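Here is the structure we will look at.
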Amino acid sequence: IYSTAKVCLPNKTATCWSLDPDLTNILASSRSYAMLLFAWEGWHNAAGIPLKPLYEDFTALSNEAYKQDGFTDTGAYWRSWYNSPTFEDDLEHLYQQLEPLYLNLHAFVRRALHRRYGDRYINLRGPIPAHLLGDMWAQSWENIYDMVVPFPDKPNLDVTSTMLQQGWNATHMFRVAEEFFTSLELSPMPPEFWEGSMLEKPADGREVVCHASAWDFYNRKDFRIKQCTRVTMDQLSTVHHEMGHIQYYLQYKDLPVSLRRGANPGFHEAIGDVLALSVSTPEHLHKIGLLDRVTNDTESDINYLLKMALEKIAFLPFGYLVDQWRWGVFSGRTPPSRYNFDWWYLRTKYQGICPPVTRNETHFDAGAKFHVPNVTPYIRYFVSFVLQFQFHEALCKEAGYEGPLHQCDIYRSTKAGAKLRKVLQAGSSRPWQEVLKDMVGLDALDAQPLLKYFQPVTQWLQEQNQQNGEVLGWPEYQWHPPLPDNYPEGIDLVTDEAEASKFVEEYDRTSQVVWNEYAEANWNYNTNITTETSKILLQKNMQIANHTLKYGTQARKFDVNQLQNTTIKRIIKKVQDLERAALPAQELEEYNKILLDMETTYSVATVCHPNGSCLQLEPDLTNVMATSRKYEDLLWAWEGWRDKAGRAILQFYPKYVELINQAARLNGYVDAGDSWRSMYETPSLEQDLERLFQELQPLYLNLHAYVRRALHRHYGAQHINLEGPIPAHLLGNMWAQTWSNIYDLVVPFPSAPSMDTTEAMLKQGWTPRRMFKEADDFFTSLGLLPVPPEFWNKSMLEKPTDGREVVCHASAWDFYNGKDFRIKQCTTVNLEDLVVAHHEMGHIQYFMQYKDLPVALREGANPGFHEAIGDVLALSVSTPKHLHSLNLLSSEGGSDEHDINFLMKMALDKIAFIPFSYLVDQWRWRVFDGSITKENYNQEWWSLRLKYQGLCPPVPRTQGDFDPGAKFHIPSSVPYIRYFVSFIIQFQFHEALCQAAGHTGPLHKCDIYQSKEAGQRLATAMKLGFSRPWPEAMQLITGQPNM
Amino acid sequence: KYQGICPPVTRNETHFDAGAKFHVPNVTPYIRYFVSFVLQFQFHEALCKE
Amino acid sequence: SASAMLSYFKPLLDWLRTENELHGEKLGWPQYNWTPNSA
Ligand SMILES: *[C@@H]1O[C@H](CO)[C@@H](O[C@@H]2O[C@H](CO)[C@@H](O[C@@H]3O[C@H](CO)[C@@H](O)[C@H](O)[C@@H]3O)[C@H](O)[C@H]2NC(C)=O)[C@H](O)[C@H]1NC(C)=O
Ligand SMILES: *[C@@H]1O[C@H](CO)[C@@H](O[C@@H]2O[C@H](CO)[C@@H](O)[C@H](O)[C@H]2NC(C)=O)[C@H](O)[C@H]1NC(C)=O
Ligand SMILES: *[C@@H]1O[C@H](CO)[C@@H](O[C@@H]2O[C@H](CO)[C@@H](O)[C@H](O)[C@H]2NC(C)=O)[C@H](O)[C@H]1NC(C)=O
Ligand SMILES: *[C@@H]1O[C@H](CO)[C@@H](O[C@@H]2O[C@H](CO)[C@@H](O)[C@H](O)[C@H]2NC(C)=O)[C@H](O)[C@H]1NC(C)=O
Ligand SMILES: *[C@@H]1O[C@H](CO)[C@@H](O[C@@H]2O[C@H](CO)[C@@H](O)[C@H](O)[C@H]2NC(C)=O)[C@H](O)[C@H]1NC(C)=O
């Protein structure tokens, strides 16, 4: 039942993991809490649950047999071999001598495991979980040594290439080990061995795969070994151990049959392991020709002794534990109703480990150990582990080298070999106490040589624990790790720091080049819509799509919560979501086609009179909606544009909503609106935005009343009602987002002409090159990064037509070409051109500032900071003081008239936009929510327009009109709440920068020019990029982490 | 193990729950009560037998 | 559930669908901005 025990995943695949070599490799290699826990729990259940009744019956039968024999118990019979009335008491004293070593090692390893697996699964004052360290039974911690190296700078002396380079055979290692045996006048080796024993993996036939036994032919004349061969140092050590066993077999040939076992049952392993100790030392390897020279350094010694103490000290609680439990079971102190209880009490009391899962009397965890079903006593291993260091010390003191015990081999030690032979001659002929006294000098087991052997690493461990300041061991028992969400399907998600880092770096390096190629293709397409650059753009789009899909699927195999980092966790989370690649291929193609159709239909549609002369949206319909003061023409333009664009995009929008919602659902979210709102990482964004709008409502209401009065005074009372909304087409803008074009109608003080001078005299000069040069000069004067010269040597900005047929935009493009950032925009001669120039300059400076960050972390916090940075400096640029400077007006004055005119212009620019910015996404969020259906797309849009903006339809809008489709951002899947957030944020930024720069008094007259402290604080808050959430940048810029 | 009793709160080595019993500080052997409880019934059975 | 309510009116729902299709009636109110006053 122990042999044919298997565990396999809930998927019930055709294969199931076995103990060897599957489960052992999984527990020694995989640094995943979920996978380690699954393997541990599955193996323990499988190998223990069906073994309980059999073990109870075996215990009864064995006790009956050995009570009939004469002993009181089977455990008493097992203890009878060592021939000591107080054997348990000497064992207890021996372990109480060795407790501090294991306590220090346990604290050190627990601290390392805490740094690895975090604080949720590991308690710094409780016991370690019983699966996170080394073996499945936690007997040896060698496999943990990878993550607990004391000095990782030096290379560990565990090398297999050195053996292969020197052309070592698969069997010559046995010969050199034999010559090492013969060096100390030992090894009277028979010739039958090499001609009657095989030491090699099975070349033909299905014999045993691998083991660590040496079966002897006996017959008083011939012996044998059955063991595989490799090129590792561990194989060499095991070879020396097995030949020590063979040497023991040789030295008592003359003794009778029953007097064959060598003294104590642990003497076999002690003799086999003292030679292994004397062999694996680096200096023996150097002097045997396997190493160039000895590294006589403290750090190498500490590393070697900590590697050795991870198997020779971590095993001491075991063995003692196992046979104590078995003695208790045999004595009747542990009835079948207390097997697991006493087992885990002993496991926590001595070893200091807790079960990863909850155990109870159903389980038999002691039955997962090999030696409990296959009934072999286990205290022999503890006795041998204590004894081998005593033997090593005795041989070393008898070898004439009274130095450190590590580099203390017995090579070429005649007297040591003589003593070893003298001990080996008598096997069970005499009591073991006399043999031990004859060899060492005392007749009892002693733990002092074991302490002396590990003295330097003991001192190092105590010092390091004192520096780290941790409790020695388990002052807080009763602690068990929380379940890792072990409902067994999420156990294959890799949660390793090294793998996550490697994936992050690979993604960074491939994303840089692929995104640079995409940006270059986009720049080539947009700069020249001719010459068929659309094909290259499509190729780059396909490359980006497939790369994003591949790396997102690769990052979906990782995890987020269990990652013990901030930057790596953020990058993995931001890569795990595919914006549009989560859809199947057919749906993805349909979504791409729908989006392209909507964008092309918006960018192509024109409305015009049946006369024949025709106008486009920009700059023809916008111009006729900006400079025309007449109800008929404005109404015609408004209705015609709404008709064309909206009725064209209505046939596409519902399917687009369906597809974007499906993609967002596949990405984890519940809606496309939820996916867009997740860009801000605030679970309560809507409440905050509603609070801000309620705060800003009175100012908009007053401005709306004043503008309504002015419009009534001009147009009349037939078209305008003093109480009631103003029609949306009378505000000088197509969408009535900004009321700047009707400023001449709403001038508070007409006798204060200090703003019309700018565009009046811009004809005297002000080339785009020189005005952008002045803008970057102001940027540098603030204390920011100068623009690279490629912006003038390579990039262009003056593209009115430039051989292309695309309407003008105001966007900024970035690519990691070393140092290259370029823009495109249509350049006019007015102040708004300078304002938008400063906005784009702020965009480009934001691009520069986070240069050293990873590609995935190239965002400017939430996407409202990106727009805010340029407008912050545009606010200070547009002040009358900064216009008087740099010669942007004739003269300026602080009188009430000029100040009020300037404030009214700024209000018509920003306050009139607050409701529109909030309205666009507000409608779109309700559309993606399923709250607004196709039947009332328009009705709810106009309800929002009346409720927030306070506008009314100039003409009756019916169902099937789709007025929202006339806005550019709606048939382009571009979020719009970012403009609301930016308009809120930029005034806070301006106020904080002014406060850091002084300028006590009114805020609207403060200038950020020549503010080194403000510039440095803006830089120190902008260099964060998307690495940290936006409240931190808010706190650095302003002082409060709130909008 | 013996009483089948679990602590209501989470305990750990800062505590000393054996000291809350009266007989532990005021050191007095406690097994005499176990022995007396068994012996009284032994005596009762023997006397009622006789 | 509304299954019982829908099954109660099933003959009337079928007749109404037939009559509306025959008369060319369009379900809903496409001209939602309409108002009898009409200024
Ligand atoms: C335990 O029993 C074994 C098996 O009988 C004994 O080994 C045998 O010992 C005898 C002598 O007692 C050996 O015979 C002698 O061997 C050589 C042959 O060159 C020579 O000295 C003599 O002419 C004589 O034949 C015998 O070979 C050997 N093995 C076998 C298989 O019989 C062993 O001595 C006994 N041990 C004790 C402690 O009594
Ligand atoms: C071990 O490797 C050697 C490599 O040549 C093989 O033959 C040895 O050759 C040397 C040089 O002529 C002889 O002195 C040795 O006696 C040979 N035998 C040894 C070292 O065992 C040899 O066949 C290889 N043994 C294997 C592969 O089992
Ligand atoms: C490795 O270096 C250690 C010291 O780090 C050497 O220890 C020497 O031990 C002897 C014992 O008799 C002392 O007398 C010496 O003073 C020690 N040497 C020092 C402190 O430099 C040890 O021998 C070295 N081993 C090898 C193989 O080089
Ligand atoms: C865990 O986070 C740390 C702290 O940020 C990472 O160290 C930086 O990683 C970024 C990744 O883009 C590198 O640009 C920096 O150079 C790293 N800082 C250094 C090397 O000092 C670290 O890589 C993350 N991962 C691990 C496994 O530690
Ligand atoms: C031992 O038990 C106590 C009681 O639960 C643990 O909890 C803290 O005890 C300290 C005093 O020792 C109190 O000041 C704290 O308020 C307790 N709670 C917390 C959450 O800290 C205590 O941690 C345990 N001691 C050790 C060493 O683990």
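The numbers used for chain A are those of Swiss-Prot, and the residues that appear cover 150-1192, in sequence.
For all residues, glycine too, the Cβ spot is worked out from N, Cα and C.
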**OP:** Going by Swiss-Prot, A:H390, A:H394 bind Zn(2+) 1; tell me which of A:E356, A:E418 is listed for that site too.
**Re:** A:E418
Original post:
Given that Swiss-Prot lists A:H988, A:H992 as binding Zn(2+) 2, which residue among A:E954, A:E1016 does it place in the same site?
Top reply: A:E1016
Original post:
According to Swiss-Prot, N-linked glycosylation site sits on which of A:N160, A:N523?
Top reply: A:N160
**OP:** Find the one among the recorded positions A:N318, A:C377, A:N714, A:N760, A:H988 whose C-alpha lies closest to that of A:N445 (N-linked glycosylation site).
**Re:** A:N318
**OP:** May I ask which residues of the same chain, at least 6 positions away in sequence, place their Cβ under 8 angstroms from the Cβ of A:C157 (disulfide bond)?
**Re:** A:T164, A:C165, A:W166, A:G191
Original post:
Quick one, of the glycosylation sites A:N160, A:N318, which Cβ has the fewest other Cβ within 10 Å?
Top reply: A:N160
Original post:
Under a criterion of Cβ-Cβ distance under 8 Å and sequence separation of at least 6, what residues of the same chain contact A:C1155 (disulfide bond)?
Top reply: A:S1025, A:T1028, A:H1139, A:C1143, A:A1146, A:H1148
Original post:
What does DSSP call A:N942 (N-linked glycosylation site) in the simple three-state scheme?
Top reply: helix
Original post:
Could you state the CA-to-CA distance between A:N677 (N-linked glycosylation site) and A:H992 (Zn(2+) 2 binding site) to the nearest Å?
Top reply: 23
**OP:** Compare the C-alpha of A:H988 (Zn(2+) 2 binding site) with the C-alpha of each of the recorded positions A:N318, A:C557, A:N760, A:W1090, A:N1191, and give the closest one.
**Re:** A:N1191
Original post:
Closest to A:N695 (N-linked glycosylation site): which of the recorded positions A:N160, A:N318, A:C757, going by Cα position?
Top reply: A:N160
Subject >> Among A:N714, A:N1191, which are glycosylation sites, the residue with the most C-beta atoms within 10 angstroms of its C-beta >> reply: A:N714
**OP:** Have a look at the disulfide-bonded residues (A:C359, A:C545, A:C557, A:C1143) and report the one with the fewest Cβ neighbours inside 10 Å.
**Re:** A:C359
Original post:
Roughly how wide, in whole Å, is the group A:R791, A:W1090, A:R1094 that binds chloride 2, by largest Cα to Cα distance?
Top reply: 15
